[PDB]
Amino acid sequence: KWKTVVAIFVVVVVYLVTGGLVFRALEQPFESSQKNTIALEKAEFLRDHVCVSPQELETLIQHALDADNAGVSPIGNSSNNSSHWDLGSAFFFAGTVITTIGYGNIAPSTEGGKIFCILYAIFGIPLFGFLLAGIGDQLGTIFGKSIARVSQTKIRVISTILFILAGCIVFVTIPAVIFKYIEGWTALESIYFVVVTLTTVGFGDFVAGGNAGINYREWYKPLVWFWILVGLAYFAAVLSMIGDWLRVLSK
Amino acid sequence: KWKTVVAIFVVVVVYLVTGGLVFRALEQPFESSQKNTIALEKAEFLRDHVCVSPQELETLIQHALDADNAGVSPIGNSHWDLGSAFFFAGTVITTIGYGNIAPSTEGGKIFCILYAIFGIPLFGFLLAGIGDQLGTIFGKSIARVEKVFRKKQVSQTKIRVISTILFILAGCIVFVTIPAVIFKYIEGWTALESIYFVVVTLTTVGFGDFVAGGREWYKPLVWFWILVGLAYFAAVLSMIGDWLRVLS
Ligand SMILES: NCC[C@@H](Oc1ccc(C(F)(F)F)cc1)c1ccccc1
Ligand SMILES: NCC[C@H](Oc1ccc(C(F)(F)F)cc1)c1ccccc1
Ligand SMILES: [K+]
Ligand SMILES: [K+]
Ligand SMILES: [K+]
């Protein structure tokens, strides 16, 4: 019904205004705090280094930003020695496109690289959908056999909560602990990464195996994408199950 | 069947190796070209400015990077205003997650986790709602074509293929070509960068290398284009999905 569609639209628009107000209340004080710090750090630098003009300072910052924007860290020569487009790293980038996560820490800079990325996404994202539906069909049988073992609506609510918590331990809690010890992040940053990854939001502020100073094994990046594949397939199979049940409720 | 699941897995793994090899062939020469430039720009700066040490240079670059990472441009003298924070909220819900703006505060990260968990399904309900209404529009249009070939007897699969190609092209003009032209004139991007942005936005990949508005009605109209754009193409995938389930 269109009456409920317009109703959900109001709930969503109110939700974004609510969200927007909460985010600005939490972030704007720190944003203003950082803005004051960078202005002071720059001014104090020019005060200590008289041989540098404010104009040639700007040019150097721009050169450093353009380098980082390209994907090359302007910090040291040793950090530059590693590549972001190696056979392994470019395989994970491909996966980052296909899963619609799109971190953005690495992005195509080449005009041709952008053209191929457009075509790669258009044909590649449905190809992943087919794989995720495939694992989603097998997991649906696993879920179906587990509910058949156990009011049908109460059983189904108890079942779904258990499956959600099952995935929350196996694909959310356990891998977050691994990232806390491997990537050296805080308890929050680790959970935050896992959540932002599996929701396919992928901000890119936290990316697994991204620190130049980290001596990460060769099996790390493929196992991370494997965790993404099993983690996304699992919670997709759960949403498919809730969707199919809601369609039965409507009819 | 599990035989076809393992088959799709091989196709996908081969696709990522293929993709990975193509991306490195296209990007690694420019990546090495940039790496050489930054090393030279820094070294040439230190030779011109002798009063600056190589270490207190790194410290300044780090301060500039930490500022940009926080969302404050270290070039010249807000990203969390009522309007901008509304669009950020909309970026989370649509799963686009550009990343040009991201929660820095420990509490801001906590709220972002909870906001996504409850907010993304809420969008799914809205997108399904528009997807249901558009499905009736598509369904009534295919039922019109099938009424013509009732006595002419033309395979239902052929009718369904020509119709879907038309709906895909309809969305490609209205929500892909036309808005890309607007971004080319407004944001001042190149013809490629404009199409690339629209594609990376509507696929919800959202790299964040290109973000719209980075007038007051611009940011909400951009999210409105995103809402109708995602909903239209989600209605088309829903239609192809429902038909494939009937085929199985
Ligand atoms: N959640 C909707 C996903 C859907 O979105 C589109 C559809 C079409 C396009 C276009 F035309 F290429 F620009 C981009 C994104 C989609 C993404 C990748 C491949 C096919 C369809
Ligand atoms: N495959 C994308 C769907 C997405 O999947 C999840 C599910 C759960 C989680 C998490 F919160 F971390 F447990 C993160 C992502 C989802 C988000 C909100 C509700 C249900 C599912
Ligand atoms: K993203
Ligand atoms: K996404
Ligand atoms: K994304």
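Using Swiss-Prot numbers, chain B covers 68-144, 150-286, 293-326, in order.
Including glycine, each Cβ sits where the backbone N, Cα and C put it.
Noted in Swiss-Prot for the protein shown:
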- B:154-180: intramembrane segment (INTRAMEM)
- B:167-172: region 'Selectivity filter 1' (REGION)
- B:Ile168, B:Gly169, B:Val277, B:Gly278: K(+) 2 binding site (BINDING)
- B:203-233: topological domain 'Cytoplasmic' (TOPO_DOM)
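Measuring straight across the break, from B:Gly286 to B:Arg293 at the CA atoms, gives 12 Å, with 6 residues left unbuilt in between. Sequence-remote contacts of a segment are chain residues at least 6 beyond its ends whose Cβ falls under 8 Å from one of its Cβ atoms, and for the topological domain 'Cytoplasmic' (B:203-233) they are 239, 309-310, 312-314, 316-317, 321.
Counted with DSSP, the region 'Selectivity filter 1' (B:167-172) comes out as 0 helix, 0 strand, 6 coil. Across the 5-residue gap left unmodelled in the deposited entry, the distance from the Cα of B:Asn144 to the Cα of B:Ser150 comes to 12 Å.
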